[PDB]
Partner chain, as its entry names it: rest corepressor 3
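Next up: a single chain in structure tokens, the form solved without its partner chain.
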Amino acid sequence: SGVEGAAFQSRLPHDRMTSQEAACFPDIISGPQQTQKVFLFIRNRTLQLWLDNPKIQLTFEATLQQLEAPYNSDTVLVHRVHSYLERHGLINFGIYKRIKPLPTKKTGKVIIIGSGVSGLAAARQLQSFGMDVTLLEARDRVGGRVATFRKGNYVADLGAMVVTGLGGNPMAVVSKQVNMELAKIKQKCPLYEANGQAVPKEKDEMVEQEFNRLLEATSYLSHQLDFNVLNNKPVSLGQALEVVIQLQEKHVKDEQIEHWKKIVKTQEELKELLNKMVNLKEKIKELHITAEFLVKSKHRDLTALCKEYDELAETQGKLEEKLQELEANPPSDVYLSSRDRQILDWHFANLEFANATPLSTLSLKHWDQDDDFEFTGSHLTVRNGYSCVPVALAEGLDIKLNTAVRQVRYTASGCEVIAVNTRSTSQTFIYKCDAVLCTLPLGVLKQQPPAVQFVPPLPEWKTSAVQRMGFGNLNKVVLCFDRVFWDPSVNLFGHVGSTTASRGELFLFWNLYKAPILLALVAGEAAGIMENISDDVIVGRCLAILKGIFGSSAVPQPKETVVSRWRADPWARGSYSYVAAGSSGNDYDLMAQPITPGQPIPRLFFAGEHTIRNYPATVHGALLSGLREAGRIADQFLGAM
């Protein structure tokens, strides 16, 4: 269905009210069931109208005109649903043509720190709600962790680059709006060992299968057996993995031992049967009244011994057969060979890439707490660089670039934000406002020697959440060539590293369809460490790997190279949050919580990828967090109309 799909596209249940809807419509949820289904149909249809054409504003008027004929008479209820959906950024979000323009007089002043996707999304909302909005951005560009390299015909994304499925993803709407073409990522990812040799199909699938079983087993240990605490310390995913690996190695040693015992037993039995057979032979030997009765007597005596000997020879045959059968079918000598382990490490590296951190830092219990909210559909890349999104969202907004915020003061009567110019650190600005929306990356909030001061320091419940949460790292080397020397039918191929410690080093190479660019990813422990290597040396290390795979003559010098260093970047201090051991999804809720000065009204608000528990560490999460806070701020200052 269309209306059912609209709800789904909006991350809502089509056939029931959410608790947030319950709060805003207490009369509906406590009323007759018939009216609840009217509510849901109006909601689902209003969403559909928006999603069918998100390039224009969906007004209350137009919703009412397009509703069919009992519902177009629910005038008041339709207005209430429209208002709710609009306020919460489920319709009329992103970039679209306004039908009713903004009042020239603006109500309330909001300073937004950061113009990444969350700041930009929030700003458009607050602006379209008729508030006065200024964004202060430290960089000489918008977009933050959406960072596109553009030079000549080369386009490459240094930050976010993947749209993780369209089904339920608000980036589907934003992409439609900016005419951003999306292409599917082909799944085939052949692996090459450190020497350049392809990993054959059979091996690849065996090791991948083991990877999945190992992960499944940690999930079992955590959520079925509750193995989440050791030595009064929360257990990490990495820690649990090594425990599961040790158990597998033990199992292999056990079955090996049992086999050796069966062999030794059978060897013993043979030896002992040989002995008595040797002695029976010696008894046959030393067996060498009428003459004729003596002849008969020796005959029956001797054939009694030969019948005895045949019985034993039969058992000799059965034992030698059993022995040969055991020596032919031993079980595995090892759980994983050195080579097998290295390949398994590639899969671990890949997981460290997705989570932006070594596995030993991830919470066993909570690392994947957000899996339940993953979107449906194939994962996609952007045709002409992801920066099209924040650039488009910036249109019409008041953005102060090269303006690094240093102090935030907030009181029961208002707020002040002090910033400095980053080209001339002498000149300092003071910005007055009724509300501050903080979109500083978690890494910036963690910074020791702090980058930004809060007068009233942030309360302990906030700072302890900041401290508990992980902020990861992940980097890329962009290699721009004259020609495609790799297979154009693969988007991805893997480099199996030499050690466990260095498994994340240039472990994955990425290409977009028919562009002469390779992206080499640096993940896990290698990510932070490799930042201390100059571009030339790291590019050199890339070329060496590529030469080992494609041939030392098939690989030309790159025309252009770029290398991200997200941890060293002072405006990021890493790539994105991860659920650290000792933290949980709750810390994301805590990060989202506004601060009241000390009934004083809330003054300091928080958005960004680290403040949304269901969608952290993503562009859509950043976007949704922005819509959320805009909603809450407008409710505070313009009333929950």
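Just so we're on the same page, rigid core means the largest C-alpha set that superposes within 1.5 Å between forms. Residue numbers count along the first chain shown, from 1.
What comes next is about the form deposited with its partner chain bound, which does not appear here.
Stretch-level contact check against its partner chain in the bound PDB entry with heavy atoms at 4.5 Å: of 549 to 557, 225 to 233, 457 to 465, 497 to 505, the positive one is 225 to 233. Remark: all three candidate residues (254, 306 and 309) come within 4.5 Å of its partner chain in the bound PDB entry, counting heavy atoms only. Heavy atoms of residue 244 reach within 4.5 Å of its partner chain in the bound PDB entry, making it an interface residue. Using a 4.5 Å cutoff between non-hydrogen atoms, residue 102 does not count as a contact of its partner chain in the bound PDB entry. Although the partner is absent here, residue 483 lies well away from its partner chain in the bound PDB entry, with no heavy atom inside 4.5 Å.
For residue 213, a non-hydrogen atom is located within 4.5 Å of its partner chain in the bound PDB entry, even though that partner is not displayed. A heavy atom within 4.5 Å of its partner chain in the bound PDB entry is found for exactly one of 97, 318, 300, 514: 300.
For the options 401, 194, 418, 270, the residue carrying a heavy atom within 4.5 angstroms of its partner chain in the bound PDB entry is 270. Within 4.5 angstroms of its partner chain in the bound PDB entry, the stretch 263 to 284 places a non-hydrogen atom from each of 263, 264, 267, 268, 270, 271, 274, 275, 277, 278, 281, 284, taken in sequence order. Core-based superposition between this form and the one not shown leaves all of 201, 97, 299, 233 but one with CA shifts under 2 Å; the exception is 299. Comparing the forms between this form and the one not shown on their rigid core, the Cα displacement of residue 261 reaches 2 Å or more. After superposition on the rigid core, the Cα atom of residue 309 is displaced by 2 Å or more between this form and the one not shown.
With the core superposed, residue 280 shows a C-alpha displacement of at least 2 Å between this form and the one not shown.
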